[PDB]
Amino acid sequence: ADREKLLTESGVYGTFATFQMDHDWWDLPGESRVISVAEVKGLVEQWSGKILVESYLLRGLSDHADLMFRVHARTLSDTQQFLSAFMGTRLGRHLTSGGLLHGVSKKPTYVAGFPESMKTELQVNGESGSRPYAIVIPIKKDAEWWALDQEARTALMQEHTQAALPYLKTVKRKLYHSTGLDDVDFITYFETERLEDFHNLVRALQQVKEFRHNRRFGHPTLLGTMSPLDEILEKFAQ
């Protein structure tokens, strides 16, 4: 349930941290790597009262990335301490850290201005499914977007939502407000069992006016498989 809180409540920080494993890790004996894995598992357990850590295998799906953590915390200083500790582990010392993005959860700004049927439909957000694919797309809006007033942006966001309606059940969505914490305005996060549905969702959105106000979209677009930390780290241990 407290996990559920971190994943759904407003005012929670989400951090996305990507890493590559060094060649000399694999040039290491599996026995020492099995110990290294236990160390990391230990550290995550240690931090489990303060933060939520979820793990994703990017190796073979995202260029120049092997591992991603999605970390939820009420204070970014907690996230900093965990990540710093993680990077100083025996395993962490052989990771080449890559990307790092942060954003905060907020109560919706526009939904209140939508038609009742659309507000009702928006109650649906993903479905049951084990070990889904996950996608992360950072976005920066253009200056023209911010110059628009709230009514105009509400209209454009209604169009966005309208195009997305066929994907409410098949794609789980989460939005993080990132401006000022790194070089992007939003971090978008998705889970799906059906990548072709996600692909179709993005194509649908490409047609809407709001999608013309993206100064930057992706770079990187991170694609991975969601799974237990143990299961991923085990692959790294063999």
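Residues carry their position along the shown sequence, with the first being 1.
Just going by the entry, 123-131 versus 146-154 on mean CA temperature factor gives the higher value to 123-131.
Stretches 21-29 and 214-222 differ in mean CA B factor, with 21-29 having the higher one. The residue among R194, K50, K174, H64 whose C-alpha atom has the highest B-factor in the PDB entry is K50. Sort the chain's modelled residues by C-alpha temperature factor and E54 lands in the middle third, per the entry. In the PDB entry, a CA B factor belonging to the lowest third of its chain's modelled residues is recorded for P138. Ranked within its chain, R203 lands in the lowest third, by CA B factor from the PDB record. In this PDB entry, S36 carries a Cα temperature factor that places it within the highest third of its chain's modelled residues.
Ranked by C-alpha B-factor against the other modelled residues of its chain, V111 falls in the middle third.
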